[PDB]
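> Keeping their order, the protein sequence lines are chains A and B. So the first sequence is residues 3264 to 3563, counted in the UniProt record's numbering. So the second sequence is residues 3264 to 3563, counted in the UniProt record's numbering. What follows is a structure written as structure tokens; I'll ask about it next.
There are 2 protein chains.
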Amino acid sequence: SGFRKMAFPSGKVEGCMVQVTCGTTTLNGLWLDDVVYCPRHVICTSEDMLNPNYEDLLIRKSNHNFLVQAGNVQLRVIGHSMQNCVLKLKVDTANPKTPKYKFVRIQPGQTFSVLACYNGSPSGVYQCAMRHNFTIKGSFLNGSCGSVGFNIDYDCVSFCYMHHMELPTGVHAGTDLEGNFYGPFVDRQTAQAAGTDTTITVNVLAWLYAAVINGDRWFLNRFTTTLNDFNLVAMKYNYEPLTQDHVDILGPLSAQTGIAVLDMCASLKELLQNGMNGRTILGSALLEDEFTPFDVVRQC
Amino acid sequence: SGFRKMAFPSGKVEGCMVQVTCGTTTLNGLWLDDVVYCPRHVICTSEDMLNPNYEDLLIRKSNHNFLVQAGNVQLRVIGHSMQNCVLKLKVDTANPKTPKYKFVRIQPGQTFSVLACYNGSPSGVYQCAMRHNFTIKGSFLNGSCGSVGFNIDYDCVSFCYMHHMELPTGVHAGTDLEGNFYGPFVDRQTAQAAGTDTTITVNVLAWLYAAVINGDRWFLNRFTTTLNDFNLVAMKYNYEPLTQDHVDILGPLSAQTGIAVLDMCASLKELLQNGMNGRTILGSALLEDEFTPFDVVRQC
Ligand SMILES: Cc1ccc(NC(=O)c2ccc(CN3CCN(C)CC3)cc2)cc1Nc1nc(-c2cccnc2)cs1
Ligand SMILES: Cc1ccc(NC(=O)c2ccc(CN3CCN(C)CC3)cc2)cc1Nc1nc(-c2cccnc2)cs1
């Protein structure tokens, strides 16, 4: 019993974190086989934060300009190249702790675990969702760039996020491990702001099903609605429209609890219109949207 | 920026988890040097859940009755003994991944990270607080017994919790690693229930300070109260009384934000009497009490 925000065990990723220093700039890098991946703005200079041209900056760099440390063991850089917004540093030693891994790009609504790192050293782990405006609401201080986000499948680490920057509203933006930013953001100091965000409806419903599995039942009712009439009220409260594929994904949860997905939609409709009236659901007083249906099935 | 529920990197503990099997009962054990620690009810039989005498059960056991697996590597048990409610199994191999560690017992209000394990295999990590009634609100399914809770200090793992059982209300009870239960619970199936719980006041205040550090300021006000008059309203809402030592611990946070602790108490008083009126604090619609002052300082 119980339902908690839960992250993946981080040991397989801890073994890959290193420190990358260029000049007087230090951030974290990810060491897999004989390549270190890190954000390219580690080569940025003070008088270049305006309109930096990273191709120019990198052509003016040599291998000895990059200092890489794995613990108290300096790694010798023997090649460098740029892969969109990430830098690839070829080193003379393959990481013996390299796990089976994949580079994957996630979608809005999907979750992953973040290993927050400072100076190549892991300090904490937490769970995050990619929002609809391609930001994440993380916890990141100065020096955290290069921290990575990941999912684990059996023994395989699917790397999906590298941290690059913080936006004015305090949310966070980054890239996949191929260097392609999530969302319309660039790695230079401009007036870029996040677009408007929406509530992830399929995740809220999954979370309601986790509530029922854990004995919270006060929000249920005898009403049932159509998918169409549910989406009408969803738009009014800035929720994502529900699709048939979203109903299918909720199938297993619906079967386990004996509660039809559209029955649970009818409950969510009433929660939006009347609120909670003081009561809580799984220890929360608002509707949580950062648990996928997979996260719920795994934990319950 | 940002404030998230955050756990410690779990790699140092992942390397210590093993599977302990006795008969047809399988739970998780903790392998440090040449000793495996696990809950003693792994020796329980079906016709003994009433009034089991564990001394009797263990005298009737031999070393070959305990099957210990570290991955796909069977560990040879060469000695056993009971340490209150935990079993100590001496094995013929010292764990080469054994970190620097301590056995410590925590207090109500203090937090720790839980590595949830099934069959000797870590599946997720989350943060927990010891409540005032010595339960934790964890996330634990059948087979999770022997999962451990821990804090990390630099390079040292302070083990503070081993999971033993789930109570009827769905909260969880366990022991320190010396086998002494937290709270008035025993490891046999009776009608034991958790006592009444209280809100951890010093943690709520720490969390309000984290809000201010993260730009949430709408709950502040120009009022200031005495410690005595604050405790009067705290008792009325089932909050723990605040002490001077609790004010001292909040010193650093008070200095960083320029907000006097008793000023923040005056804000908390108004939140209890009027509520939040729809607004949220750090993405929550209730007052969170599972962040210690240390947890806040570490993350902000
Ligand atoms: C997107 C981006 C673009 C360029 C930079 N780099 C700089 O601003 C910068 C880099 C290096 C220097 C120092 N110079 C270069 C070294 N040395 C020669 C001296 C001068 C001065 C400024 C950082 C970022 N990303 C950042 N993310 C954060 C951040 C803060 C808190 C939480 N999460 C992310 C701060 S900056
Ligand atoms: C406190 C306690 C006391 C005794 C036991 N053990 C049993 O009930 C039990 C143990 C073994 C058997 C099987 N027998 C022994 C082996 N074999 C000979 C066949 C018969 C049958 C029952 C478990 C516990 N603890 C438990 N915690 C949970 C639990 C569930 C979900 C989440 N967190 C904890 C279930 S049981």
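Even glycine gets a Cβ: it sits at the ideal position worked out from N, Cα and C.
What do you reckon, is the C-beta of B/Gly3442 under 8 Å from a heavy atom of ligand 2?
False, no ligand heavy atom lies under 8 Å from that Cβ.
> Between which two residues does the alpha helix (DSSP H) containing B/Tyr3424 stretch?
Run containing B/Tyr3424: none in the alpha helix (DSSP H); it sits in the beta strand (DSSP E), 3419-3429.
> In the DSSP assignment, the beta strand (DSSP E) including A/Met3345 goes from what residue to what residue?
Run containing A/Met3345: 3340-3346, per the beta strand (DSSP E) assignment.
> Please confirm whether B/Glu3533 has its beta-carbon closer than 9 Å to some beta-carbon of chain A.
So no, B/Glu3533 is outside the interface.
> Identify each residue in the stretch 3268-3291 of chain B for which the Cβ-Cβ distance to at least one residue of chain A is less than 9 Å, and report them in chain order.
So the list reads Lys3268, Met3269, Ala3270, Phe3271, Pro3272, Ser3273, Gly3274, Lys3275, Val3276, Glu3277, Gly3278, given in the order they occur along the chain.
> Comparing the C-beta of B/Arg3394 with each C-beta of chain A, is any distance below 9 Å?
Output row for B/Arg3394: interface = no.
> Buried or exposed for B/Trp3481, going by 16 or more other Cβ atoms inside 10 Å?
It is exposed - the Cβ of B/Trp3481 has fewer than 16 other Cβ atoms within 10 Å.
> Going by DSSP, what residue range makes up the beta strand (DSSP E) through B/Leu3295?
It spans 3288-3295 - the beta strand (DSSP E) in which B/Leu3295 sits, taken as one unbroken run.
> When DSSP labels each residue in this structure, what does B/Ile3522 get in the three-state scheme?
Reduced to three states, the DSSP call for B/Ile3522 is coil.
> Looking at the strands, I want to know which residues DSSP matches up with A/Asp3416.
A/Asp3416 pairs with A/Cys3419.
> Give a yes or no on whether the minimum CB-CB distance between B/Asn3537 and chain A is below 9 Å.
No, because no Cβ of chain A sits closer than 9 Å to the Cβ of B/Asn3537.
> Measuring alpha carbon to alpha carbon, tell me which residue in B/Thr3464, B/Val3465, B/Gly3446, B/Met3280 is nearest B/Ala3456.
For the residues B/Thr3464, B/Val3465, B/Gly3446, B/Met3280, the minimum Cα distance to B/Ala3456 belongs to B/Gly3446.
> Where does A/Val3276 fall in DSSP's three states?
Residue state, collapsed to three classes: helix.
> Would you mind telling me which residues of chain A sit closer than 7 Å to B/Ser3402, beta carbon to beta carbon, in chain order?
Result: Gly3265, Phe3266, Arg3267, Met3269, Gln3562.
> Cβ of A/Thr3361 within 8 Å of any heavy atom in ligand 4?
Within the structure as shown, ligand 4 is missing, the only ligands being ligand 1 and ligand 2.
> Can you list, in chain order, the residues of the stretch 3472-3492 of chain B whose Cβ is nearer than 9 Å to any Cβ on chain A?
Those would be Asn3477, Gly3478, in chain order.
> Please state whether the Cβ-Cβ distance between A/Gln3562 and A/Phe3266 is less than 9 Å.
In contact: A/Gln3562 and A/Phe3266 (Cβ atoms closer than 9 Å).
> Any heavy atom of ligand 2 closer than 8 Å to the Cβ of A/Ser3264?
A/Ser3264 Cβ: within cutoff of ligand 2.
> Mind checking if A/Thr3543 is an interface residue toward chain E, Cβ cutoff 9 Å exclusive?
The chain labelled as chain E is not found among the protein chains of the depicted structure, namely A and B.
> If B/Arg3339 and B/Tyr3317 are in contact, beta carbons under 8 Å, what's the gap, nearest whole angstrom?
Incorrect: roughly 24 Å between the Cβ atoms, too far for contact.
> Can you have a look at B/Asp3558 and say buried or exposed, based on whether 16 or more other CB atoms are within 10 angstroms of its CB?
Classification for B/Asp3558: buried.
> Which value, in whole angstroms, describes the spacing of the CA atoms of A/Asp3479 and A/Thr3462?
Rounded to whole angstroms, A/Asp3479 to A/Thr3462 spans 22 Å at the Cα level.
> On the DSSP bridge list, what partners appear for A/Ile3399?
A/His3435.
> Given 8 Å as the limit, tell me if residue 3248 of chain A has its C-beta closer than that to any heavy atom belonging to ligand 1.
Only positions 3264 to 3563 of chain A appear in the structure, and residue 3248 of chain A is not among them; the question remains open.
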